[PDB]
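Below you'll find the structure I mean.
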Amino acid sequence: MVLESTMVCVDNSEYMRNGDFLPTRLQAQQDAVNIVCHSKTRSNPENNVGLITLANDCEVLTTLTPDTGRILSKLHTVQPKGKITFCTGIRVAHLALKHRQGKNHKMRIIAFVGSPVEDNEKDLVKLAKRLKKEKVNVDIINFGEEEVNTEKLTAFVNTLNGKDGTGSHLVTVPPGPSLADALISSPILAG
Amino acid sequence: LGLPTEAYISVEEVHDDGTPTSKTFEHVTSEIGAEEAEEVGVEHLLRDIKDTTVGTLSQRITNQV
Amino acid sequence: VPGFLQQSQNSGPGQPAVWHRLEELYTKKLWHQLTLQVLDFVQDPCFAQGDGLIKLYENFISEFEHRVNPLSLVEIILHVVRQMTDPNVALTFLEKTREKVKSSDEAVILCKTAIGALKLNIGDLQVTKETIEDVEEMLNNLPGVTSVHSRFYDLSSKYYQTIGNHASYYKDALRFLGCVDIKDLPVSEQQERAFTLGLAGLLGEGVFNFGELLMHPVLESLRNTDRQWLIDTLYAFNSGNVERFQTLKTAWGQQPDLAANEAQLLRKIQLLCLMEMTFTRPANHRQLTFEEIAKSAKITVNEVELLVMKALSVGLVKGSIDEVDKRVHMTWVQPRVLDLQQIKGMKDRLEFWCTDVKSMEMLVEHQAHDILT
Amino acid sequence: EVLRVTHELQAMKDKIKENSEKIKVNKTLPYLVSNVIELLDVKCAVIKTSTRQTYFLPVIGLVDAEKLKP
Amino acid sequence: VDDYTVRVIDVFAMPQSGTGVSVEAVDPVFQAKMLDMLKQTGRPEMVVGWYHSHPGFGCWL
């Protein structure tokens, strides 16, 4: 019911292609977004979710839309053939978020971190600092091979909203056989 | 001076002469024209600063300076 | 599987290190860091005698890989094929790998250069050019590999081991060097590319541009000691001077492929020599007295008449020849590559030109101020 | 993937419907009953209206050319 | 802007329809959506009037 626009950032880098998760990472993201996108619209029928690919560039494949069909359909042919750039991904997701057609929805972002992020620790925190000022809650969930609970990533979520913040979770998924059930249990119903 | 439009394309070539490849914007000749309908509107729209089409000695010389 | 890499674990420096290090990755269903080491361990200095084991290991690994790069596959099967050294099945084998990854990934050219690599040694002409053309027509919509070009260029460099591939080689040899920039190959690899290029450029029928002589990072930077005469001779052609002591001094070296074409090369230098002079001309005095042309190229006056006849024939000039005075009036439509000093000199002239264009503008605006309106 | 094909069909059905609606509101009435006189080739026909005026049509219009006959 | 001045800045064509130039020709879905999208670009103007051509007939209603 909480009016919020979920700008889901789905990874499509090359490492996203090795299936430490049973069938493949992508289906995990592709299955995962299926629930997060569906989770938000079910919670509130006035909601809207868009997706930003994060590898090799920051494409905006589907702008912020309520209809979940477009997000699901666009997921296909996501073609994981790039290198993740999370430094810019959040900005473009937020900058696109700033174009919210309705100005009332709260802000909530879901990032699909599935590759090793090569970002200076100082840069990530400064990005987090800009998010704090502008009151956007972003959830980070990690997939596939990556320095488990990257220190750069973990510092990001903590400064994301601390001092008794909303708790934009850095939900770390158990690598190995696991569906979005971990991604749906904790983050999807509570972010 | 004039021509407030500059038109560019996208070409990705091997730069024949042994140099790195890149995206780059190639240039395409630009020219400003008018179809009949807009032409009638534009001609009236100025209607206060348009120069005589005949030119005359005064305007021809200014065409050279 | 794990046992097989255990049994064929040998043949790599640090048997456990070479193989079992990556084995930890395959268990956790990942397929990238393996190949690069696989390519690196196939790039690892070895006879690749474990090729049959590595082939099977690669084949076994590639059989249930379904993730590793077909570049490494080809790079390893080529290292394989360069190591199995069995061209008879290499074509057949490379084709099956190609067909087994039939998406847009451009591995067939490498297989075409694999048929290249092995059919450029067996049956090297009939359809190889087709093996090129099919690649060239297909090699569109994605300029990201840069090896599709090179093997064709290299196969055209191997096809450079044909009659009508010199300028095609030089034009393509320059093209390749742009695609791959860094050393990323032995100084021997780079200096080899420069020598066969310059030796081609000085030999190419349709090439007297020589623009990249000084501006090409490889040929210019490389080859400072190893047969540096080429940079001098290559620099010579941009100057056109007689220099025939050098051509002789470099004649002591590079005896093959240069003596056989001294008649052609001398004609080339004569041809450029004219373009050199009419560039050095003071512009206004664009005419060239027969004596001055004959003295520069040390060619008798009876043949300066025909030298200009050629150079103007191919398209390196758009002038006209006089005989009563025998001054060849010159008008150029064939420009040459430039240089810092040339450009510095070219700009200094242009500063004068804008000075005059400015002066005459003031002498008109001031004069006709009343009429200017 | 079956759902994805269904989504593409559902979108196609709306656009087919939207194009059909624009054609439907542009069909309208009344029609001047004319008499196709010929068909020059160079999809364009020379209609001779019943009002005794001829009018070459650059595009034959909302019909299949092959159906239209002199 | 006031009683003595009606300022028109931009015009947007309402798609030609078989009705002609009539109230019915004003497609409420087309106008409501187009206005909504022109508001994002920086033109939050109000519908100040309507225009229609008159192929040679003159300037009369």
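Under the condition of being of a type in the set (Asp, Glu) and either under 30 Å from C:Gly178 (Cα atoms) or within 12 Å of another protein chain (Cβ to nearest Cβ) (or both), which residue from region B:7-64 is surrounded by the most Cβ atoms within 10 Å (Cβ to Cβ)? Talk me through it step by step, then tell me what you get.
Our first condition is that a residue be of a type in the set (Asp, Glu); within region B:7-64, this holds for B:12-13, B:16-17, B:26, B:31, B:35-36, B:38-39, B:43, B:48, B:51.
Checking the rest, the ones that are also either under 30 Å from C:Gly178 (Cα atoms) or within 12 Å of another protein chain (Cβ to nearest Cβ) (or both) come to B:12-13, B:16-17, B:26, B:51.
Details: B:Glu12: 13, B:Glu13: 12, B:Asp16: 12, B:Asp17: 16, B:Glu26: 10, B:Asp51: 12.
In this case the residue turns out to be B:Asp17.
Does region A:142-156 contain at least one residue that is over 22 Å from C:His32 (Cβ atoms), touching a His at 6+ places or on another chain (Cβ under 8 Å) and away from every other protein chain (no Cβ under 14 Å)? Don't jump to the end; show me each part of the working.
From region A:142-156, those over 22 Å from C:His32 (Cβ atoms) are A:151, A:154-156; that's our starting set.
So of that shortlist, the ones also touching a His at 6+ places or on another chain (Cβ under 8 Å) come out as none.
No, because not a single residue in region A:142-156 is over 22 Å from C:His32 (Cβ atoms), touching a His at 6+ places or on another chain (Cβ under 8 Å) and away from every other protein chain (no Cβ under 14 Å).
Separate question: Kindly state which helices (runs of 4 or more DSSP H) lie completely within region C:1-117 and contain at least 3 residues that are within 30 Å of A:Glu146 (Cβ to Cβ) and among the charged types (D, E, K, R). Steps first, please.
Values: elements: C:2-7, C:21-27, C:33-43, C:51-63, C:70-84, C:87-100.
Because the criterion is at least 3 residues that are within 30 Å of A:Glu146 (Cβ to Cβ) and among the charged types (D, E, K, R), the helices (runs of 4 or more DSSP H) in region C:1-117 that meet it are C:21-27.
Same structure again: Can you tell me which residue in region C:9-21 is farthest from A:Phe143 (Cα to Cα), limited to those that are surrounded by 19 or more Cβ atoms within 10 Å (Cβ to Cβ) and under 40 Å from the mean Cα position of the chain (by Cα)?
Going through region C:9-21, the residues surrounded by 19 or more Cβ atoms within 10 Å (Cβ to Cβ) turn out to be C:9, C:11-12, C:18-19.
Subset that is under 40 Å from the mean Cα position of the chain (by Cα): C:11-12, C:18-19.
Working: C:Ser11: 36, C:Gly12: 33, C:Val18: 28, C:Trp19: 27 Å.
Step by step, filter region C:9-21, then rank; the result is C:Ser11.
A further question on this structure: Could you tell me whether C:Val314 is surrounded by 15 or more Cβ atoms within 10 Å (Cβ to Cβ), hydrophobic (A, V, I, L, M, F, W, C) and in contact with a helix residue (DSSP H, G or I) (Cβ under 9 Å, 6 or more places away or on another chain)?
Values: surrounded by 15 or more Cβ atoms within 10 Å (Cβ to Cβ): no; hydrophobic (A, V, I, L, M, F, W, C): yes; in contact with a helix residue (DSSP H, G or I) (Cβ under 9 Å, 6 or more places away or on another chain): yes.
So C:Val314 does not fit the description; no.
A further question follows. Could you give every pair whose Cβ atoms fall below 9 Å, whose first residue belongs to region C:278-289 and is surrounded by 15 or more Cβ atoms within 10 Å (Cβ to Cβ), and whose second residue is among the acidic types (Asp, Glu), counting only separations of at least 6 or pairs across chains?
C:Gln287/C:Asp322; C:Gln287/C:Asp325
On to the next question. Being assigned to a loop (DSSP other than H, G, I, E, B) and farther than 21 Å from C:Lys249 by Cα is the filter here; which residues of region C:212-231 pass it? Show your work before the answer.
Taking region C:212-231 as the starting set, the residues that turn out to be assigned to a loop (DSSP other than H, G, I, E, B) are C:216, C:222-228.
Selection gives C:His216 alone.
Quick grid of which residues meet (1) more than 30 Å from E:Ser22 (Cβ to Cβ); (2) more than 10 Å from every other protein chain (Cβ to nearest Cβ); (3) in contact with a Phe, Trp or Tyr (Cβ under 7 Å, 6 or more places away or on another chain); (4) among the charged types (D, E, K, R):
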residue	(1), (2), (3), (4)
D:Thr6	yes, no, no, no
D:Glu38	yes, yes, no, yes
D:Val46	yes, yes, yes, no
D:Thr49	no, yes, yes, no
D:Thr54	yes, yes, no, no
D:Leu62	no, yes, no, no
D:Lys67	yes, yes, no, yes
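So, one more: Of everything in region A:70-109 that's within 14 Å of chain D (Cβ to nearest Cβ) and not β-branched (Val, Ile, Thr), which residue is farthest from C:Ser104 (Cα to Cα)?
It comes out as A:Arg70.
Still on this structure, I have one more. Any residue at all in region C:62-80 that's over 28 Å from the mean Cα position of the chain (by Cα), surrounded by fewer than 21 Cβ atoms within 10 Å (Cβ to Cβ) and more than 14 Å from chain A (Cβ to nearest Cβ)?
Looking only at region C:62-80, we keep the residues that are over 28 Å from the mean Cα position of the chain (by Cα), and these are C:62-68.
Now drop any that are not surrounded by fewer than 21 Cβ atoms within 10 Å (Cβ to Cβ), which leaves C:63-68.
Then drop every residue that is not more than 14 Å from chain A (Cβ to nearest Cβ), which leaves C:63.
Within region C:62-80 (the criterion being over 28 Å from the mean Cα position of the chain (by Cα), surrounded by fewer than 21 Cβ atoms within 10 Å (Cβ to Cβ) and more than 14 Å from chain A (Cβ to nearest Cβ)), the answer is yes, since at least one residue qualifies.
Tell me the residue from C:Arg281, C:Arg267, C:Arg327, C:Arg286 that is of a type in the set (D, E, K, R) and within 22 Å of C:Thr196 (Cα to Cα), please.
On the way: C:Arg281 fails: within 22 Å of C:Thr196 (Cα to Cα); C:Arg327 fails: within 22 Å of C:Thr196 (Cα to Cα); C:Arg286 fails: within 22 Å of C:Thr196 (Cα to Cα).
Within the list C:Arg281, C:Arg267, C:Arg327, C:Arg286, the selection yields C:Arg267.
Hey, among the residues in region C:144-184 that are crowded, with 20+ Cβ neighbours inside 10 Å and basic (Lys, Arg), which one's farthest from the other protein chains (Cβ to nearest Cβ)?
Per the criteria, the residue is C:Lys158.
For region A:83-191, which fully contained helices (runs of 4 or more DSSP H) count at least 3 residues that are under 16 Å from the mean Cα position of the chain (by Cα) and farther than 30 Å from E:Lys39 by Cβ?
Working: elements: A:86-97, A:121-134, A:151-160.
Answer list for region A:83-191: A:121-134, A:151-160.
In this structure, does E:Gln40 turn out to be closer than 26 Å to A:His99 by Cβ and within 12 Å of another protein chain (Cβ to nearest Cβ)?
Numbers: closer than 26 Å to A:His99 by Cβ: yes; within 12 Å of another protein chain (Cβ to nearest Cβ): yes.
For E:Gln40, the condition - closer than 26 Å to A:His99 by Cβ and within 12 Å of another protein chain (Cβ to nearest Cβ) - is met.
Another one. Looking at region C:337-357, which of its residues are hydrophobic (A, V, I, L, M, F, W, C) and either within 30 Å of the chain's Cα centre (by Cα) or not in a helix (DSSP H, G or I) (or both)? Full working, then the answer.
Taking region C:337-357 as the starting set, the residues that turn out to be hydrophobic (A, V, I, L, M, F, W, C) are C:337-338, C:340, C:343, C:346, C:350, C:352-354, C:357.
Selection gives C:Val337, C:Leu338, C:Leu340, C:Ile343, C:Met346.
Among the residues of region E:15-30, write down those that are farther than 22 Å from E:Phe57 by Cβ and part of a loop (DSSP other than H, G, I, E, B). It would help to see each step written out before you state the result.
Here is the first cut: in region E:15-30, the residues farther than 22 Å from E:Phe57 by Cβ are E:27-30.
Across region E:15-30, the qualifying residue is only E:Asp27.
Could you say which residue among C:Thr35, C:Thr27, C:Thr92 is under 27 Å from C:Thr128 (Cα atoms) and polar (S, T, N, Q)? Give the derivation first.
Numbers: C:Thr35 fails: under 27 Å from C:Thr128 (Cα atoms); C:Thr27 fails: under 27 Å from C:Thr128 (Cα atoms).
Sole residue among the options that is under 27 Å from C:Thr128 (Cα atoms) and polar (S, T, N, Q): C:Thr92.
What is the number of the single condition among (1) outside any helix (DSSP H, G or I); (2) under 15 Å from the mean Cα position of the chain (by Cα); (3) within 14 Å of chain E (Cβ to nearest Cβ) that D:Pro30 does not meet?
Among (1) outside any helix (DSSP H, G or I); (2) under 15 Å from the mean Cα position of the chain (by Cα); (3) within 14 Å of chain E (Cβ to nearest Cβ), the lone unmet condition for D:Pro30 is (2).
To continue, here is another question. I want to confirm something. Restricting to region A:86-123 and keeping residues that are farther than 19 Å from A:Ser168 by Cα and touching a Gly at 6+ places or on another chain (Cβ under 8 Å), which single residue is surrounded by the fewest Cβ atoms within 10 Å (Cβ to Cβ)?
A:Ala96
Cβ: placed from backbone, ideal geometry, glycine included. Neighbour counts: every protein chain shown. Every number here is computed from the coordinates shown, using simple stated rules; none is lab data.
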